[PDB]
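Okay, structure first, notes after.
What is reported rests on the model, the rules as stated and the sources as named; these are not laboratory values. Note: ideal-geometry Cβ built from the backbone for every residue, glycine included; neighbour counts use all protein chains shown.
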Amino acid sequence: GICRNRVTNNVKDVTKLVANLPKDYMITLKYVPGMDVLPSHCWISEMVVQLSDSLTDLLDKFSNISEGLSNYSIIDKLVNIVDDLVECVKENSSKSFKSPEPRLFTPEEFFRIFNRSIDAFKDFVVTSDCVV
Amino acid sequence: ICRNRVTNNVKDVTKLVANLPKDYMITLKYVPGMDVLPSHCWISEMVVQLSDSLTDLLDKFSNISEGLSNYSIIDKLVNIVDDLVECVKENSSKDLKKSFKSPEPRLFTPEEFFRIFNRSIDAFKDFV
Amino acid sequence: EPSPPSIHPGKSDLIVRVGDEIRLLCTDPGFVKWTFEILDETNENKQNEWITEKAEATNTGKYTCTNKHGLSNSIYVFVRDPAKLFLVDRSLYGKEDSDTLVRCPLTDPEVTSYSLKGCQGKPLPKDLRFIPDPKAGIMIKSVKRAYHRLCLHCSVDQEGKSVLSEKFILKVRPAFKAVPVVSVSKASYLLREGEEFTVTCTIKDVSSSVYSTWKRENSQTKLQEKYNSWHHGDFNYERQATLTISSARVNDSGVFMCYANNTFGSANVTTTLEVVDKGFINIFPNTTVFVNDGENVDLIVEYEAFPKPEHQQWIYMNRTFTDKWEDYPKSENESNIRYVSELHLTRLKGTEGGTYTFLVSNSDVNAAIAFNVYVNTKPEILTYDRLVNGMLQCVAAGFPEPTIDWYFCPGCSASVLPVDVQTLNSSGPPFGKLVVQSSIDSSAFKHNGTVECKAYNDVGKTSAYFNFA
Amino acid sequence: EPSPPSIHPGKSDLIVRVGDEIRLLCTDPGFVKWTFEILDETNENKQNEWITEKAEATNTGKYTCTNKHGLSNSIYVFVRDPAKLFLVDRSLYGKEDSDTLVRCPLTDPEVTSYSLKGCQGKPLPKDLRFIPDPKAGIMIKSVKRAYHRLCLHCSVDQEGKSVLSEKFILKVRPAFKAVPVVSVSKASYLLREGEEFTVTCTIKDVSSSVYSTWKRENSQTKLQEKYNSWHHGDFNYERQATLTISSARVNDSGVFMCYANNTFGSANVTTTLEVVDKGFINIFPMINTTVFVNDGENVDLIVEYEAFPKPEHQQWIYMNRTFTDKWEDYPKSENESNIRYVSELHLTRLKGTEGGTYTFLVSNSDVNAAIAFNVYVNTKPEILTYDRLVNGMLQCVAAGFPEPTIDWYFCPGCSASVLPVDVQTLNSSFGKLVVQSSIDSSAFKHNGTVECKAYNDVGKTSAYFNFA
Ligand SMILES: *[C@@H]1O[C@H](CO)[C@@H](O)[C@H](O)[C@H]1NC(C)=O
Ligand SMILES: *[C@@H]1O[C@H](CO)[C@@H](O)[C@H](O)[C@H]1NC(C)=O
Ligand SMILES: *[C@@H]1O[C@H](CO)[C@@H](O)[C@H](O)[C@H]1NC(C)=O
Ligand SMILES: *[C@@H]1O[C@H](CO)[C@@H](O)[C@H](O)[C@H]1NC(C)=O
Ligand SMILES: *[C@@H]1O[C@H](CO)[C@@H](O)[C@H](O)[C@H]1NC(C)=O
Ligand SMILES: *[C@@H]1O[C@H](CO)[C@@H](O)[C@H](O)[C@H]1NC(C)=O
């Protein structure tokens, strides 16, 4: 329930941005293993920082459009968010940093994750189940 | 000739281009040396090629209700090149096969690709 | 007599395993050439014996041997490659109601089922019907609009298993089945010489191929038109050709018509333009009104004014007075050049009589129209004295002419008449009330009564009584 | 005495060619553990002898030995690999005004120019100054907002040629340098009990991080608020916490306040609510509802009033019966909070018998109200009847409003005056009052004419008699 306020609702424009991305354009993420399974605190931090890298670069691949909604803008604001999270988290939750291997994802799977990550909040607190 | 066939949904190219990732390589069967000259040794091939290219590129996007989706933008670039690959196969109508052996496919950044697309549209407005 | 060449192998269709040879032998005295051709390629050759050492599925075709007399014989060679079981011209356009070949000819003729399949699960329309031919492709029949952008696959079954070809994406060309839809910005124009006349016509039709033209009524001359066009989806097109005359001259008047010509019909649309050398104002109203002391009355004028009417007003006796007057256009149309103004006079005062006038003007001409409001009144016995020797005088003022009748009998009284010196003097000044002075001699063969002076008027009546003895 | 551990090699910095061994050996009676650590990575080891057989630029770090009393020593090892001459944590955040480290420590300490470079050809901003350190990174100093999203490169020249590191692209966190701007949808509400109350506040600030809140004037309880937020680019953010009361009860009235609060200041904005149990219509006229006029004179009556909800069927009625349409009605303020109206009634040139009692009525979904005016028009007396009474005198009766005065003249007639009067009783008991007055006929003089004068503040009229 902490930091839930840091996630502006520009999150809503992800679906459009996805529609405006070539179904075959493979995006790179350092996918933190088994997150899609559980729990929701064994990764959140890492994935949040990563999504920022990911988002940030993907953002350079576009230029700004005056009239209308550029994927540039959309991404830009997504980036503003994942950063503020990276912060509120490393400022509230306040580990041996070994980074996940890079993986490719279509813009859907990718943003599918992105979305799941923004949900890891709204119910975020301040590592045994991280099993398998 | 045919210049009237090309609608202005072309202006929206600078945008579509702005919305394609600067590294997403578009495949096009470039007709050799068209960029030099003349402007009728290739017009027909490129015009057909473009359609194919644009046509697939269009499949990679989904339709967006509110706003201008690359889909729409492209879908309309497609409608056009198609109509050219029409007026020509009906105005030039001198297609006694002797110039074939379809070009080799080449890769282009959306900007290079659409640059070509643009030059190709210019080829009309002053066509035989 | 002339006879066709003779090619060997004598077979009508030969099949070769990819990687092998194709030896063809034409035997005729007048061998001219060898003619190979597949989808669109086509290779000629000046050698009696045709030979390719290492064949590829792109050799599958029709080798034709032509004589020197214009005769010829030829065999079809299929070169089976388990890799490619299809050769294709992934190009595919088709007119409406026409038939169209899906350019996917076979490499190995001996195949179970040659069929046109839906694309990506989706099933072809139950409507569409086709007829395959391993030497061409599948022939889509009577290609309808609905098949537009439709994608198909050329399918075939070999070894119980069914294989698919690359994807074709049929693009259907409409067949004009109805006349264009043409509309114009403004119906009729009107401007002062020197200004600009620009109007814009809008053609909407199944295709950009329509013919739209700005032709000046009864004149096949070429007009200067600038045009814009758009594509609102499939089989939907919009072009807007706009006509403009920078600084219109008076003779540039008359009608203008927009034309839509397509393989099925025509469409008329005209916009009449009327140029003038200078603005103008015309007025249409009885200009003389009547009323009564206390009565109300509204004055109303109408007029045409171009340009738009500027300063407008109502003045009484060359001076301003009220603001109790409405001004307003008569149609609200976006072509209305006619206006109308009312003036409300509530409960006149009689002394309120006069010539009310209305003035309106534009950037060009000035104008006005005047009204004469004559207000009526009930006579007033301004002075009922007694003359010198012999009679009684009685003057009354009113409007119009106050009638002076005399009564005599004593007073409940009876009436007796007689009239003497009756003269109304007042010509002088303007719109005023008329005064009348009438008297009557007093030589009565009776006495002890009362006489009455009566001043009549269509509005009312007043009177005064005198005496005798 | 307690002494820190001793490590061999007894050097303070050691350099290894990638692919080599690293043998660190701590000699201390109270050995407790080895602790390697580079960027974020961090290891421990309970072994006086630390050994890594085949090195890797990813071993470049600080190995530390700590005693059982909490004492320690430590040598830095550099493992030179020509390929990797940098180790980085492309993550890079920094506060406004505060310094910030570009995480790119060196693998080989012996290099010509450790420096921060312009990313992709361009040049670093003139303003930005920094101070390198092979054991950390380059330390950008005092990161300014304007460095936001800036991408740098860690640079180093080896053998005359300068090499680059992967790219770093610093993100700058603002530092509140002014109070949150705050506003409110509406200023002051007013609703009939039961209606819904809803208002929305707009907090704008350099960062989502603000603190906003809808409290009820003088109260620390918590109010159920729903909100939406946006980002309109760099160092800009907006939030809209909208407060709502479905079906407000009267006791729900009062003031509410929106409060924004960052690390620098506060901002208030209030909005007062006024719930009512039932609507109302209160009226305030101009002056006494008793108007005075004169035949042919004009007069307008004008009333004003509050009304909630908005007024409906308004109209002026003369003697319980409608008449004209010559009356204006209009709101007084045009504000979007106006509850005050005004209605004028134009009586143009009354006719005397036009007097009476004009009323104004207006009403709303609840109450119905009205106010009336008593317009008494004035007239010039009229000599209704001048007869010749029996034995004794003459009688003259006039009618007017108000009370007509009757004075008598006498001298022959251009004539003179002589006063006198006896029986004068004004009968009548609406409007027009009539008076009857007479005077005896016994003057000791003759051959003349007597006149009857009926005076009235408005005017005068008269008739003439004869005597003998
Ligand atoms: C358009 O008008 C008619 C209708 O089809 C046709 O005869 C004509 O040829 C067309 N325009 C011209 C003059 O080519
Ligand atoms: C075209 O002109 C003809 C002249 O006879 C007229 O009858 C017809 O209605 C016009 N077509 C229209 C209205 O589009
Ligand atoms: C001014 O008013 C007089 C009478 O009121 C009229 O005769 C005269 O024509 C007016 N002015 C002019 C000359 O238009
Ligand atoms: C308003 O009155 C109701 C009546 O029971 C009460 O429940 C509610 O708490 C009151 N609200 C306030 C804050 O006065
Ligand atoms: C509201 O009240 C003060 C009035 O002095 C105002 O200046 C300030 O912004 C706010 N402070 C509070 C009450 O939080
Ligand atoms: C006028 O109407 C009122 C009702 O508001 C009534 O009391 C009064 O008697 C009426 N007056 C007359 C004379 O009708």
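Scanning the stretch B:1-40 for residues that are within 14 Å of chain A (Cβ to nearest Cβ), touching a helix residue (DSSP H, G or I) at 6+ places or on another chain (Cβ under 9 Å) and of a type outside the set (A, V, I, L, M) returns B:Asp12, B:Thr14, B:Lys15, B:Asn19, B:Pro21, B:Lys22, B:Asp23, B:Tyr24, B:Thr27. Taken together, the criteria place A:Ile113 among residues that are more than 13 Å from every other protein chain (Cβ to nearest Cβ), assigned to a helix (DSSP H, G or I), surrounded by 14 or more Cβ atoms within 10 Å (Cβ to Cβ) and hydrophobic (A, V, I, L, M, F, W, C). Annotation note: of C:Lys349, C:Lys378, the sole residue that is out of contact with any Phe, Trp or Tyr (no Cβ under 8 Å at 6 or more places or on another chain), closer than 30 Å to C:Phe466 by Cβ and among the basic types (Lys, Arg) is C:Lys378.
For the stretch D:298-330, filtered to residues that are of a type in the set (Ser, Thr, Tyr) and not in a loop (DSSP other than H, G, I, E, B), the residue that is nearest to ligand 5 (Cβ to nearest atom) is D:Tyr305. When the criteria are applied in full, C:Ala57 meets the requirement of being buried (at least 17 other Cβ atoms within 10 Å of the Cβ) and not hydroxyl-bearing (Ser, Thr, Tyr).
You will find that of C:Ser427, C:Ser415, C:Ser443, the residue that is exposed (fewer than 13 other Cβ atoms within 10 Å of the Cβ), part of a loop (DSSP other than H, G, I, E, B) and in contact with a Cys (Cβ under 9 Å, 6 or more places away or on another chain) is C:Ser415 and no other. Got at least one residue in the stretch C:21-31 being on the phi < 0 side of the Ramachandran plot and touching a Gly at 6+ places or on another chain (Cβ under 6 Å)? Checked against the condition, which is being on the phi < 0 side of the Ramachandran plot and touching a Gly at 6+ places or on another chain (Cβ under 6 Å), the stretch C:21-31 yields no hits at all. Inside the stretch D:174-203, residues that are within 18 Å of D:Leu273 (Cβ to Cβ) and assigned to a loop (DSSP other than H, G, I, E, B) make up a count of 9.
Results for (1) in contact with a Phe, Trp or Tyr (Cβ under 9 Å, 6 or more places away or on another chain); (2) more than 14 Å from chain B (Cβ to nearest Cβ); (3) closer than 22 Å to C:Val276 by Cα, shown as yes or no for each residue.
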| residue | (1), (2), (3) |
| --- | --- |
| C:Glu166 | yes, no, no |
| C:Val172 | yes, no, no |
| C:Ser185 | no, yes, yes |
| C:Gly194 | no, yes, yes |
| C:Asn228 | no, no, no |
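Screening the candidates A:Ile44, A:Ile81 for the property of being within 8 Å of another protein chain (Cβ to nearest Cβ), farther than 21 Å from B:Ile64 by Cα and surrounded by 19 or more Cβ atoms within 10 Å (Cβ to Cβ) yields one hit, A:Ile81.
Of the residues D:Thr52, D:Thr42, D:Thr107, D:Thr35, the single one that is farther than 20 Å from D:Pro4 by Cα and within 14 Å of another protein chain (Cβ to nearest Cβ) is D:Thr42.
Within the stretch D:306-340, if we keep just the residues that are aliphatic (A, V, I, L, M) and within 15 Å of ligand 6 (Cβ to nearest atom), the residue that is farthest from D:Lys278 (Cα to Cα) turns out to be D:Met319.
Looking at (1) surrounded by fewer than 20 Cβ atoms within 10 Å (Cβ to Cβ); (2) β-branched (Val, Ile, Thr); (3) closer than 30 Å to C:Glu1 by Cα, which one does C:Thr66 not meet, given that it meets all the others? Condition (1) is where C:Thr66 drops out. For the stretch D:244-258, the candidate set comprises residues that are β-branched (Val, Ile, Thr) and within 10 Å of D:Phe197 (Cα to Cα); within that set, the residue that is nearest to ligand 6 (Cβ to nearest atom) is D:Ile245.
This table checks each residue for (1) of a type in the set (A, V, I, L, M, F, W, C); (2) within 16 Å of ligand 5 (Cβ to nearest atom); (3) buried (at least 18 other Cβ atoms within 10 Å of the Cβ); (4) not assigned by CATH to the domain that holds C:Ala260.
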{"residue": "C:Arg145", "(1), (2), (3), (4)": "no, no, no, yes"}
{"residue": "C:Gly160", "(1), (2), (3), (4)": "no, no, no, yes"}
{"residue": "C:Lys171", "(1), (2), (3), (4)": "no, no, yes, yes"}
{"residue": "C:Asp205", "(1), (2), (3), (4)": "no, no, yes, no"}
{"residue": "C:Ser209", "(1), (2), (3), (4)": "no, no, yes, no"}
{"residue": "C:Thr221", "(1), (2), (3), (4)": "no, no, no, no"}
{"residue": "C:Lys226", "(1), (2), (3), (4)": "no, no, no, no"}
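Restricting attention to the stretch C:240-265, the residues that are in contact with a strand residue (DSSP E or B) (Cβ under 7 Å, 6 or more places away or on another chain) and either within 14 Å of chain B (Cβ to nearest Cβ) or within 16 Å of ligand 5 (Cβ to nearest atom) (or both) add up to 6. Based on this model, can you work out whether C:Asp89 counts as within 55 Å of the chain's Cα centre (by Cα) and charged (D, E, K, R)? Answer is yes for this residue.
Note on the stretch A:57-78: among residues that are within 14 Å of chain B (Cβ to nearest Cβ) and in contact with a strand residue (DSSP E or B) (Cβ under 9 Å, 6 or more places away or on another chain), the one that is surrounded by the fewest Cβ atoms within 10 Å (Cβ to Cβ) is A:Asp57.
Criterion applied to C:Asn286, C:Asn296, C:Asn251 was being in the same structural domain as C:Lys204 (by CATH) and either within 16 Å of ligand 1 (Cβ to nearest atom) or surrounded by fewer than 14 Cβ atoms within 10 Å (Cβ to Cβ) (or both), and the one residue passing it is C:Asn251. The requirement of being in the same structural domain as D:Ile317 (by CATH) and among the aromatic types (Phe, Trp, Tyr) is not satisfied by D:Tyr409.
Only one of the numbered conditions (1) within 30 Å of A:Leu69 (Cβ to Cβ); (2) within 16 Å of ligand 4 (Cβ to nearest atom); (3) of a type outside the set (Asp, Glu) is violated by D:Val276, and that is (1).
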